[PDB]
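First comes one chain, alone, set out as structure tokens in the form deposited in one PDB entry.
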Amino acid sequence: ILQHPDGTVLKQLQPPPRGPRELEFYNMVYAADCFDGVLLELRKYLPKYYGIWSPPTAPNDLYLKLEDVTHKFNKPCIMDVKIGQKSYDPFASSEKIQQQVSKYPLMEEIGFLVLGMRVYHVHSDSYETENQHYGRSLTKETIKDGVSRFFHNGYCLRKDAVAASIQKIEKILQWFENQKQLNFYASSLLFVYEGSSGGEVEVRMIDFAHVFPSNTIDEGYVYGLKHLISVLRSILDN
């Protein structure tokens, strides 16, 4: 992810087949002649898409030009959470499935995985970061406190940001309960709140290299969103 001063990001296509699939997902959803109500509503929850981009002298080098969802914030606190029971897609080989499950074997049980976080601390005027090994260390016993850490700043637990995140996730959950045409594997939610209010909170769906046509409810995604909502709700009682 390359942050651009004009409030966009450039996301380089992943190697094939993943990058090409993500490009086609954004192209399908943001097609100018699309009047599918399901896809028009989905646009609200994604970063705005500005099309494929490549450097003027390098047509080989492929990026997606996307809205930087952190751009309106002064000291953005950012958390990325992978959603679902399965990180592997319906056409994964046995080895691929094993690779994905071994990255975090609690995915089926918990339904989400914290990929990372960046939290502004007011007392020190500094950021605390967690990498992928943080989230992969969390279990049923530690997931509540693991998620809570994201909302520790301003000398307090930011229950305003927690409640706002629940309210934003609930709209995404409602979209998922009103569509049976896409299933999403290894996709994420990006959470942003203001570290420097309820509060400017942003919750956006990202990472679409494993989105497939479906005939059913995305049950794993729904389970993960619900569990994540339940965890967030329990943090409101702290």
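Each form is matched to the other, and the largest set of C-alpha atoms that superpose within 1.5 Å is called the rigid core. Each residue number is its position in the shown sequence, starting from 1.
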Classify the number of deposited-sequence residues missing from the model between residue 196 and residue 197: none, 1 to 3, 4 to 9, or 10 or more.
4 to 9
Of 207-215 and 51-59, which one has the bigger average CA B-factor?
51-59
Look over 19-27 and 5-13 in the entry and identify the one with the greater average Cα temperature factor.
5-13
Going by the entry, which of 86, 149, 103, 168 has the most elevated CA B factor?
103
Hey, out of 189, 172, 192, 32, whose CA B-factor is highest in the deposited coordinates?
32
Where the record places residue 108 (Cα B-factor, split into thirds across the chain)
middle
What third of the chain does residue 75 rank in for C-alpha temperature factor, lowest, middle or highest?
middle
Thinking about Cα B factors across the chain, which third does residue 202 belong to?
lowest
Quick check for you: using the entry's CA B-factors within this chain, is residue 118 in the lowest, middle or highest third?
middle
Can you work out whether the C-alpha temperature factor of residue 157 puts it in the lowest, middle or highest third of the chain?
middle
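The same protein also exists as the form deposited in another entry; that form is not shown, yet it is the one meant from here on.
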Give the option from 182, 172, 46, 190 whose C-alpha shifts by 2 Å or more between the shown form and the other one; the alignment is on the rigid core.
172
Tell me, please, whether between the shown form and the other one the C-alpha of residue 58 is shifted by 2 Å or more, with the rigid core used for superposition.
yes
Determine, after fitting the two forms on their core, whether residue 155 shows a C-alpha shift of 2 Å or more between the shown form and the other one.
yes
Did residue 161 and residue 187 drift closer or farther in the other form, going by a CA distance change of 3 angstroms or more?
farther
In the other form, do the Cα atoms of residue 174 and residue 112 sit closer or farther apart than here, given a shift of 3 Å or more?
closer
